[PDB]
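All remarks here apply to the structure that follows.
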Amino acid sequence: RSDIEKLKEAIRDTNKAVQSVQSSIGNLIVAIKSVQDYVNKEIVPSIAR
Amino acid sequence: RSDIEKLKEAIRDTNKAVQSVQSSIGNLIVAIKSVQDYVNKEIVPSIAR
Amino acid sequence: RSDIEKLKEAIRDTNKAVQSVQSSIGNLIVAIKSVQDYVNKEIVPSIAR
Amino acid sequence: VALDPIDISXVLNXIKXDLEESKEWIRXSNXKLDXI
Amino acid sequence: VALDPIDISXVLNXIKXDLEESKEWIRXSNXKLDXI
Amino acid sequence: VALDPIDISXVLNXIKXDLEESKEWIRXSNXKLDXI
């Protein structure tokens with residue numbers, strides 16, 4: 001009863017670590033998208049003018 | 001027999017979640033590489049001309 | 001004693017996989033930051049000159 | 001003069017697919033943990 | 001002429017938050033594994 | 001005039017190292033699960 005409880009709690013902590021990783025990837029998407037919009041909306045028009 | 005089976009299946013699902021994360025990172029590499037090539041092959045030559 | 005040992009070692013390997021993923025994300029931060037500095041310090045001044 | 005914009009919003013929405021279908025196995029594991 | 005620099009070092013230091021507080025649950029799991 | 005190209009394909013192939021050697025522990029865990 002003690003070892004199975006501990007293993008279950010260990011898997012729970014690992015899942016929480018994966019969830020934080022999932023949040024990291026979501027913010028990485030925002031960062032890359034921010035760079036794209038900056039190039040298309042600020043850099044490219046500045047070169048064409 | 002029931003608890004160990006369930007724990008094993010829980011770890012299997014966690015690994016599948018990590019595998020999907022690994023696929024996310026692989027595509028993140030492609031996205032960043034795409035931005036690099038666009039800057040080096042389209043932006044930089046447009047400024048030097 | 002054999003199944004609990006094996007499950008514990010399986011979780012240990014999964015955590016090591018997450019740790020390698022965490023290292024991937026850390027390097028992704030460096031790559032994105034490198035692109036930002038290149039745009040702000042090399043591209044933007046080249047367009048303004 | 002021939003500078004088309006970059007559009008990777010294809011691979012980005014590929015990442016956002018991989019991430020949501022990770023999150024929906026995570027909720028799979030935590031299903032089997034709440035099973036115990 | 002009106003080209004301000006891009007600054008996402010806000011979301012980047014958001015990612016670096018998520019990553020450190022992942023690493024500090026990982027050391028949580030490996031606490032319970034070293035428990036067994 | 002003095003604009004050299006950016007090359008981070010160093011850190012990118014660092015990420016692709018970390019990712020492949022994650023995938024080859026994942027196949028490690030799923031080894032011990034197929035053990036049970």
Side-chain angles (χ1 to χ4, degrees), chain A residues 2-28, chain B residues 2-27, chain C residues 2-25, chain D residues 15-20 22-23 25-36, chain E residues 18-20 22-23 25-36, chain F residues 18-20 22-23 25-36:
Chain A
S2 179
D3 285 359
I4 294 180
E5 170 64 11
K6 280 289 186 176
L7 285 175
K8 162 168 165 290
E9 296 298 329
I11 303 171
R12 188 79 72 177
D13 289 356
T14 298
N15 294 342
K16 282 172 175 173
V18 174
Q19 288 180 317
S20 291
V21 165
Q22 294 167 341
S23 168
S24 291
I25 297 168
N27 285 321
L28 280 166
Chain B
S2 179
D3 285 359
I4 294 180
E5 170 64 11
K6 280 289 186 176
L7 285 175
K8 162 168 165 290
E9 296 298 329
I11 303 171
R12 188 79 72 177
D13 289 356
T14 298
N15 294 342
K16 282 172 175 173
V18 174
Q19 288 180 317
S20 291
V21 165
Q22 294 167 341
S23 168
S24 291
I25 297 168
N27 285 321
Chain C
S2 179
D3 285 359
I4 294 180
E5 170 64 11
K6 280 289 186 176
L7 285 175
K8 162 168 165 290
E9 296 298 329
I11 303 171
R12 188 79 72 177
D13 289 356
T14 298
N15 294 342
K16 282 172 175 173
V18 174
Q19 288 180 317
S20 291
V21 165
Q22 294 167 341
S23 168
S24 291
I25 297 168
Chain D
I15 305 165
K16 185 178 178 180
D18 297 331
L19 188 59
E20 294 298 327
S22 184
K23 299 216 238 183
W25 301 113
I26 279 298
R27 186 202 67 83
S29 185
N30 280 330
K32 276 144 191 130
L33 294 191
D34 293 333
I36 291 288
Chain E
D18 297 331
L19 188 59
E20 294 298 327
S22 184
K23 299 216 238 183
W25 301 113
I26 279 298
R27 186 202 67 83
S29 185
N30 280 330
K32 276 144 191 130
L33 294 191
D34 293 333
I36 291 288
Chain F
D18 297 331
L19 188 59
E20 294 298 327
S22 184
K23 299 216 238 183
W25 301 113
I26 279 298
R27 186 202 67 83
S29 185
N30 280 330
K32 276 144 191 130
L33 294 191
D34 293 333
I36 291 288

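Sequence lines set the chain letters: A, B, ... in the order given, protein chains first and strands last, and positions in each chain run from 1.
Judged by distance alone, with hydrogens and angles left aside, the side-chain atoms of E:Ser29 form no donor-acceptor pair with the main-chain N or O of E:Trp25 at under 3.5 Å. The backbone N or O of C:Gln19 sits nowhere less than 3.5 Å from a side-chain atom of C:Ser23 that would complete a donor-acceptor pair.
Of all the heavy atoms in D:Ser22 and A:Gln22, the pair that sits closest is OG-NE2, 2.6 Å. Scanning all heavy atoms of the two residues, the minimum distance from B:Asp3 to D:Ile36 falls at O-CD1, 3.6 Å. Residues B:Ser24 and D:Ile15 share a closest heavy-atom pair of OG-O, 3.7 Å.
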Practice task
Would you sort out whether D:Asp34 and A:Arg12 count as a side chain to side chain contact (heavy atoms under 4.5 Å, CB included), showing the intermediate values?
Solution key: CA-CA 10 Å; D:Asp34 293 333; A:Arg12 188 79 72 177; 2.9 Å; yes
Exercise for the section: Would you please test D:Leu19 and D:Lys23 for side chain to side chain contact (heavy atoms under 4.5 Å, CB included) and show each step? Expected result: CA-CA 6 Å; D:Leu19 188 59; D:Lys23 299 216 238 183; 4.2 Å; yes
Exercise for the section: Show your working on side chain to side chain contact (heavy atoms under 4.5 Å, CB included) between A:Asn15 and D:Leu33 and close with a plain yes or no. Expected result: CA-CA 11 Å; A:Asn15 294 342; D:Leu33 294 191; 3.7 Å; yes
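Interatomic distance, OG1 of C:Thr14 versus CD1 of E:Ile26, reported as 9.0 Å (0.5 Å rounding). D:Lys32 contributes atom NZ, which lies 10.5 Å from atom NZ of B:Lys8 (distance to the nearest 0.5 angstrom). A distance of 7.0 Å separates CD in B:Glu9 from CG in B:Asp13, rounded to the nearest 0.5 Å. Put simply, CD1 on A:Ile4 and CG on B:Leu7 are 6.5 Å apart, with the number rounded to the nearest 0.5 Å.
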